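Chemist: sequence and experimental coordinates follow.
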Amino acid sequence: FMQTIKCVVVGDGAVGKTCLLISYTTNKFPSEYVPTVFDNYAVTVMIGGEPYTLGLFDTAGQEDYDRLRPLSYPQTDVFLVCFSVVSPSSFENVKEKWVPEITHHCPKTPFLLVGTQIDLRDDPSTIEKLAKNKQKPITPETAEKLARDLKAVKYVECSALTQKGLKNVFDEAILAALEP
Amino acid sequence: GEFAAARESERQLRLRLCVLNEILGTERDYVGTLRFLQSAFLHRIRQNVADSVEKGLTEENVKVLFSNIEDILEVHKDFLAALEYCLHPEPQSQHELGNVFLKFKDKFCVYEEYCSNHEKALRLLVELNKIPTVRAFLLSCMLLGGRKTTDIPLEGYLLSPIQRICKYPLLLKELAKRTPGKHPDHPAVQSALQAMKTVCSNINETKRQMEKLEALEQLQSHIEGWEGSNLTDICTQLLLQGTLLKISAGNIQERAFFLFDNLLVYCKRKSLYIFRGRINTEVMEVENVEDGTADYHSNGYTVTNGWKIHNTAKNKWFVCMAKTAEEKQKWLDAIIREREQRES
């Protein structure tokens, strides 16, 4: 008698959704290696003093396979639509690909806008790389604009490396799932 | 001086070992999962079919639910064994995996049947869960299997293969990354990567064409008074559908038009539709009618977004009209593409 919540993490390839899930679920990784596989994992969380089971599902590897992806979407309680803050392409892909898909397959199911790799915002090398394209990282303001426009519950940032705001992302996900 | 180069050199090997180890371990875990699916559920319902059937589990349901999961398992027992053999006793730097991936490529096609069926399976599952004794039974299997209620349910375990098969290429890209250029494994790794990507491509496209076929089946099932051979016999996919005004033999009827590769159908919209007619595109001439034209085909009506269709087999003609220019362009271009592709 403890209700389980299904959280499905989607988004562009190499935004670090797998690294996100792994960093949230466990530590004690030697941290020099980036594991590519995240198996479905149940996590007991405390909300308002009440325990819930957060089921965690990864979608990495299925990016190029549009027909295979929606096999994971049924029975989903909440979606995490991820994009890298140092990758304008992923940011655009949230608008052009992911949100329309998950809203098409699950219209009534809530989804969060997740910005990842915030720790790379102050990386001069990354700033140079983006500067070559006359580009720049995603500002929280712009992303919140996008979130409000696409009717996402809210916009959350996190760094799997720094674990800044990482746990609160999932907390907010569970909260959004528990909306009447 | 050379010690820095040595440090880096070994630092790479560490990572390569990490890759190999992740492959092996995740494989073991996957096989373990499938094994659990077999022993906890299948073996139990097979032990006593009376209870399963009485409590609401016909063999049809089992068959649809689990698909060909046991065949996949039989494949991965052998594949895992091959991996254990190649990585004896533990992953080493000079070990070369690519060939074990290449050796097992054409073995993986088994997945094609599973994924395509899975969409039905889960949709069946949701029904079975609404039945009290069935849901209770399916929980009982989980409990007697030693695993918990909070733990991942049957659904995820059934989902696992489609996740698994799509992850091998990533593993292989990281592996190709950590593999030196002159390393004997390098080309085999690249090749294995390409093969494993092709596998996923085949699975995906298989599911797609299957779904298109099922779309045709559905469309035929929703049409009353169908004449001639079935769409499934002579068609592969639906290209375009829409509403047009049909002027034929003096009659003015608004009809629902469906363009399939090889033929075009028109129906009366009430099943949802009543079959009105079909035309093989191989004997169909579509001729554009300039807007404003009024002839005997159109009974004298002034034409906008209209054209004439000729069934040569019966030497019959009739007028089709749209409400928007975009619709006209749509149908015209679609027919053009169909005819273009049918020849080659």
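Modeler: Perfect, thanks for sending it. Numbers count the residues shown, from 1 in each chain, chains lettered A, B, ... in the order given.
Chemist: only C-alpha atoms from now on, for both contacts and neighbour counts.
Modeler: OK.
Chemist: can you show me the helices along the chain?
Modeler: Looking at chain A here, since you left the chain open. A:17-25, A:88-93, A:99-105, A:124-132, A:140-149, A:166-177 (DSSP state H).
Chemist: please go with chain B instead
Modeler: Assigned by DSSP H, chain B shows helices spanning B:2-36, B:43-47, B:49-54, B:59-66, B:69-86, B:98-103, B:111-130, B:132-144, B:154-164, B:168-178, B:186-221, B:231-234, B:325-343.
Chemist: angle of the fifth one against helix B:2-36?
Modeler: It refers to helix B:69-86. Between the axis of helix B:69-86 and that of helix B:2-36 there is an angle of 150 degrees, by axes from the mean of the first three to the mean of the last three CA atoms, to 10 degrees.
Chemist: contacts for helix B:69-86?
Modeler: With contact meaning CA atoms under 8 Å, 6 or more residues apart in numbering or on different chains, helix B:69-86 is reached by B:24, B:27-28, B:31, B:34-35, B:38, B:95-97, B:100, B:104, B:107-108, B:110-111, B:114.
Chemist: for PyMOL, write the selection for the buried entries among those residues.
Modeler: Selection of buried members from the contacts of helix B:69-86 for PyMOL, criterion 16 or more other CA atoms under 10 Å in any protein chain shown:
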select buried, chain B and resi 24+27+28+31+34+35+38+95+96+97+100+104+108+111+114
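Chemist: re the thing from before, nearest to residue B:261, of the helices of chain A?
Modeler: Residue B:261 lies closest to helix A:99-105 among those, at 26.7 Å (CA to CA).
Chemist: buried residues, that closest one. List them.
Modeler: Result for helix A:99-105 [16+ other CA under 10 Å]: buried residues A:99, A:101, A:102.
Chemist: which neighbouring elements make contact with it?
Modeler: Taking 3 or more CA pairs under 8 Å, 6 or more residues apart in numbering or on different chains; DSSP states H and E as the contact definition, helix A:99-105 has no neighbouring helices or strands.
Chemist: outside of that helix, which residues touch it?
Modeler: A:70, A:73, A:74, A:81, A:109, A:150.
Chemist: quick check, the fifth one in contact with residue A:74.
Modeler: No: counting by CA atoms under 8 Å, residue A:109 sits too far from residue A:74 to count as a contact (10.0 Å).
Chemist: next, format the helices of chain A as CSV and append distance to residue B:81.
Modeler: What follows is the helices of chain A, written out as CSV (distance: least, CA to CA, whole Å):
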stretch, distance to residue B:81
helix A:17-25, 28
helix A:88-93, 39
helix A:99-105, 39
helix A:124-132, 44
helix A:140-149, 48
helix A:166-177, 38
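Chemist: tell me the most buried of these?
Modeler: Counting by mean count of other CA atoms under 10 Å in any protein chain shown, helix A:17-25 has the highest mean neighbour count of the helices of chain A, with a mean of 21.
Chemist: between helix A:166-177 and that one, find me the angle.
Modeler: With the same axes, to 10 degrees defining the directions, helix A:17-25 sits at 100 degrees from helix A:166-177.
Chemist: helix A:17-25 packs against which elements?
Modeler: Checking 3+ CA pairs under 8 Å, 6+ apart, helix A:17-25 ends up next to strand A:4-11, strand A:50-58, helix A:166-177.
Chemist: can you rerun that using 6 Å?
Modeler: Applying 3 or more CA pairs under 6 Å, 6 or more residues apart in numbering or on different chains; DSSP states H and E, we find helix A:17-25 packed against no helix or strand.
Chemist: returning to what we had before: out of the contacts of helix A:99-105, flag the one nearest to chain B.
Modeler: residue A:74 (8.3 Å; CA to the nearest CA).
Chemist: how about the residues of the stretch 51-200 of chain B by chain A?
Modeler: Listed as neighbours of chain A in the stretch 51-200 of chain B under the rule CA under 6 Å from any CA of the partner chain: B:166, B:167.
Chemist: how about a cut-off of 10 Å?
Modeler: By the rule CA under 10 Å from any CA of the partner chain, the part of the stretch 51-200 of chain B lying against chain A is B:115-116, B:118-119, B:122-123, B:126, B:149-153, B:155-157, B:159-160, B:162-171, B:174, B:200.
Chemist: for ChimeraX, what selects the buried ones among those?
Modeler: The buried subset of those, as determined by 16+ other CA under 10 Å, is captured in ChimeraX by this line:
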select /B:115,116,118,119,122,150,151,152,153,155,159,160,162,163,164,165,166,167,168,169,170,171,174,200
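Chemist: gap between the two ends of stretch A:155-172?
Modeler: End-to-end span of stretch A:155-172 (CA to CA, to the nearest Å): 10 Å.
Chemist: ok, and does that stretch reach over to chain B?
Modeler: No: shown here: stretch A:155-172 not in contact with chain B (CA under 10 Å from any CA), separated by at least 17.5 Å.
Chemist: and the single nearest residue of chain A relative to chain B, its phi and psi?
Modeler: Per CA to the nearest CA, residue A:61 is where chain A lies closest to chain B, at 5.2 Å. Per-residue torsions, residue A:61: phi 100, psi -20 (degrees, to the nearest 10).
Chemist: so who does it touch?
Modeler: Contact partners of residue A:61, counting by CA atoms under 10 Å, 6 or more residues apart in numbering or on different chains, are A:12-14, A:36-37, A:69, B:163-171, B:200.
Chemist: out of those, who's nearest residue B:333?
Modeler: Lowest distance from residue B:333 to the contacts of residue A:61 (CA to CA) belongs to residue A:69, with 30.5 Å.
Chemist: quick check, that closest one in contact with residue A:8.
Modeler: No: at 11.2 Å, residue A:69 does not count as touching residue A:8 under the criterion of CA atoms under 10 Å.
Chemist: spit out the residues that contact these two alike.
Modeler: Shared contacts of residue A:69 and residue A:8, defined by CA under 10 Å, 6+ apart, comprise residue A:59.
Chemist: quick check: bridge partners of residue A:164?
Modeler: On the basis of DSSP bridges, residue A:164 is bridged to residue A:159.
Chemist: thought residue A:118 was touching it, still the case?
Modeler: Yes: with contact defined as CA under 10 Å, residue A:164 counts as touching residue A:118 (8.8 Å).
Chemist: and those two? Which one has more around it.
Modeler: residue A:118 (20 against 14; other CA atoms under 10 Å in any protein chain shown).
Chemist: now that one, nearest residue through space, not along the chain?
Modeler: Once flanking residues are discounted, residue A:118 sits nearest to residue A:159: 5.6 Å by CA to CA, 6 or more residues apart in numbering or on different chains.
Chemist: returning to what we had before: also near chain B: which of the contacts of helix A:99-105, exactly?
Modeler: Checking the contacts of helix A:99-105 against chain B by CA under 10 Å from any CA, the ones in range are A:70, A:74.
Chemist: adding neighbour count, write the contacts of helix A:99-105 out as a markdown table.
Modeler: As requested, the contacts of helix A:99-105 are exported to a markdown table (neighbours: other CA atoms under 10 Å in any protein chain shown):
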| residue | neighbour count |
| --- | --- |
| A:70 | 16 |
| A:73 | 19 |
| A:74 | 17 |
| A:81 | 22 |
| A:109 | 17 |
| A:150 | 16 |
